[PDB]
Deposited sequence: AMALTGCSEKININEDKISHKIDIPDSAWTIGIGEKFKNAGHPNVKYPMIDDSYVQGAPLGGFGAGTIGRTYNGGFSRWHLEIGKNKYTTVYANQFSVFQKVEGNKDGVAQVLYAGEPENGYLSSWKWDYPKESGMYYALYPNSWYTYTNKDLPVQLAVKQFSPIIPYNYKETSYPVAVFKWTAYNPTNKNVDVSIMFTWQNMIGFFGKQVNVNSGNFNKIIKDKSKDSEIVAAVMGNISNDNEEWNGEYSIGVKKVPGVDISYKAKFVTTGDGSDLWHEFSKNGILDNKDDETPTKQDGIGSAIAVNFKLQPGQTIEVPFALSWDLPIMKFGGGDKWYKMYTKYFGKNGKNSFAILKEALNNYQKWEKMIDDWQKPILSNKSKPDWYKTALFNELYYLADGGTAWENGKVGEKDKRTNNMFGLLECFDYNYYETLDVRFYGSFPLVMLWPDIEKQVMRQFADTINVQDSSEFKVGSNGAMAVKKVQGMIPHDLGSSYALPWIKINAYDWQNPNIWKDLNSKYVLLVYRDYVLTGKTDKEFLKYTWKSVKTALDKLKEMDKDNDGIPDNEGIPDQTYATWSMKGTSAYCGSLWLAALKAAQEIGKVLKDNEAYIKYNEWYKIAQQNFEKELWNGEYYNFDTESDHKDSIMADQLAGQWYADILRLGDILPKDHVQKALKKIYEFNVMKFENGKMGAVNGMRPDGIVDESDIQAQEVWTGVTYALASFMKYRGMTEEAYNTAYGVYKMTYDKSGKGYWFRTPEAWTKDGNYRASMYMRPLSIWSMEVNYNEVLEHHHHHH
């Protein structure tokens, strides 16, 4: 490996061999159907709201999230980088597709498939990933750095449906070597959104742009139709000329054929025919090819950038709503702008690299923190772009002030912005993209007083219930199968209108967003104040025994639905105490003196009764009235965790918080599979896992990373990182269960999972507060 020294891969990058097999991969632990796309995954490409493309460590473009809110795992075999190499003076060279695999059927059979094992590595530190190619039969060694410009405090480039592929080639041998690199791409218009004649009208054309300082050559793959539908638009691939390379191209080859129309050209001398056949197709899949060829002298290095753009301006949801994607603000809405996006990328990618380096550097250069933590911290961010992210720039047919946003809970549980989950999972947004975070929270503020009196069938039991109650925060803001932002509370397995934790978490989130953006945004507090008071006032009504705290009802009425709570619980109780103190503070800031007095009085009463009812001398009991009431809950002090972040001080005694945390570490962590798998949710004081419900026996990834941050705030540094380590190990390490770039909600003791590709573990960013 002589190429690794020529490029700059951080030591914290997650790593795996190209073509490596993995023996210990987990699978779903539930009986109902659930996504399992295997461990062949990689860092996604594409901005927020653009639709994402998952290119795997084997090199294939395989995890497609271009249809917003859907996960489609299939390798489009025509989408590849390929290499040609011939030592100067030799009769023949070699051509090889850079993909550790081959097609299932007979299409593209003439191409050289099956990139061999132990001949390269994949690296990932999101938003960057890398492939190196160190192959006995390729004298020139190659590496590519691939990324999308995902940049904190940047709401423009971060939206772009674009990827850059910066290739570096180096000749360690004592002879001249001719090298070509070819990017192939299928015209994917009609890949989704067309019921019949999926390729019909598709056509490809070559664009050349030569404006003195920059020569760019591109293929634009679109359709003859000018219909404004979610299926229509353009894909583009291209390259920028550098000194000492030449560009060749082929606008049209057939993806539904043996591939020899392209390969007989490329495998001969690495130079394509330069034909621009713009003729539309009927039934055949078609594609485009862009190649660069150059001669490398001994010890010479060269750098050449390729790019990929996709202008698919319209997203459609199952209920019929069509919206424009965010990036259309900067490039237009007519779906004929793929080249413009590509060009911007090819002329600005160096600036984007240094912008990405600037926001990774403070963490990467802090040598007090171990590399494994940085691996998780950065790579967990995959989910912001990959989580079916919806970011609208107008409804199709309708200007606008605000641009609504939605990130999914996950793909299995297809709900936008599930509030109880985002309580943990929204840390990256508040810390790095706060305007998005504030917009999401204003969306929630606007739903508080919505009333929908029509009834729905509750799934868990069968009972009927009202859809949306006035003054109760919704579970979610809809589903991609229905109408995001318009039809809220898509979740129906329980009744969220009786939950005792959503209203509190809502309040805590509002105050969080004020505090972590510098305590300067009074206007955000004013926008949300009515909703905050309403939310706490309705929750106070659920105090049935008059201890000042809402009663859990021994039925599904919080996040841990099936692991029931009854009476005063540590979880809902602590969240309530923290929320009341939060509302106190907003009262002071806004000079709402009566609110302050009221929430102060409610707080003191509730605080005293919480302590008296739940403190047992070592920890806080799970609740007052359950069968499993003395179980040790990992999340028992969620309220105090948020209070630390919100700088609200001690809601419970320091000494008692410390003991409770030491108990959780000693029990839920250390006595669960030797602390190598995170914190199991519930442990009985005899040191045996609480078996009363499946959720109690689960490790929740995001709860565990949140728990770790809480320990870190309280000076338990060793305990924090040891707790987090088990989650890192399970996700990323060769000894874990192969969940890289699909971190699940949960696992049980056997390492098998529930709900891959989950929002909650983004809570790791709470460790950076």
Fill in the blank from the handout: The deposited sequence goes unmodelled at 1 to 15, 414 to 415, 787 to 799
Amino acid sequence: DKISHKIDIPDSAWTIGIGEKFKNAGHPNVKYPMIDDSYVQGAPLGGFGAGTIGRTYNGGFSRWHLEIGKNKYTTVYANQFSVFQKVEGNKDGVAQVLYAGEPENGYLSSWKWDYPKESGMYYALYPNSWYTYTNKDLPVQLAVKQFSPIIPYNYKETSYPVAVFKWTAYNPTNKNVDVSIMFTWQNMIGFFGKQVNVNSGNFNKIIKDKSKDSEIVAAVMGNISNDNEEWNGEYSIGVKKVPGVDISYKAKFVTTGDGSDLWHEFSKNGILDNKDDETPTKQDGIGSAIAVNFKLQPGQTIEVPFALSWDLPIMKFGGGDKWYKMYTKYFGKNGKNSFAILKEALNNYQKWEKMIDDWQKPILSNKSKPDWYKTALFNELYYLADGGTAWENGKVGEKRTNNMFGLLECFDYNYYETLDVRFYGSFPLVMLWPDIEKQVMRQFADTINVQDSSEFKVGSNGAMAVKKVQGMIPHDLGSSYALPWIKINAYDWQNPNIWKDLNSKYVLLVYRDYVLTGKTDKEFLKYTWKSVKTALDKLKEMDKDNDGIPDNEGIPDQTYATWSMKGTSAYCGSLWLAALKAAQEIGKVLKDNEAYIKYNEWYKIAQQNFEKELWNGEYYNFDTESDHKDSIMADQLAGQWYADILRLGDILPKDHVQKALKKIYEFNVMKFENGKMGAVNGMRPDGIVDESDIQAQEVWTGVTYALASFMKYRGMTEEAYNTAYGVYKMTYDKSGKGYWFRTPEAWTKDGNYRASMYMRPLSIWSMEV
From here on, numbers count along this sequence of modelled residues.
Practice task
Select between 93 to 101 and 552 to 560 the stretch whose C-alpha atoms have the higher average B-factor in the entry.
Solution key: 552 to 560
Handout entry: 211 to 219 set against 617 to 625, stretch whose average Cα temperature factor tops the other in the entry
Key = 211 to 219
Practice task
Would you mind finding, among 265, 386, 409, 435, the residue with the largest C-alpha temperature factor in the entry?
Solution key: 265
Handout entry: Options 509, 532, 245, 124 - largest CA temperature factor per the record
Key = 245
Practice task
Consider only the C-alpha atoms of the modelled residues in this chain, order them by B-factor as the entry records it, and name the third containing residue 713: lowest, middle or highest.
Solution key: middle
Problem - Relative C-alpha B-factor of residue 748, binned into the chain's lowest, middle or highest third - result: middle
Exercise for the section: Among all modelled residues of this chain, ranked by Cα B factor, put residue 742 in the bottom, middle or top third, i.e. lowest, middle or highest. Expected result: lowest
Fill in the blank from the handout: Of the three thirds of Cα B-factor ranks in this chain, residue 392 occupies the lowest
Exercise for the section: Taking the chain's C-alpha temperature factors as the reference, tell me which third residue 158 falls into: lowest, middle or highest. Expected result: lowest
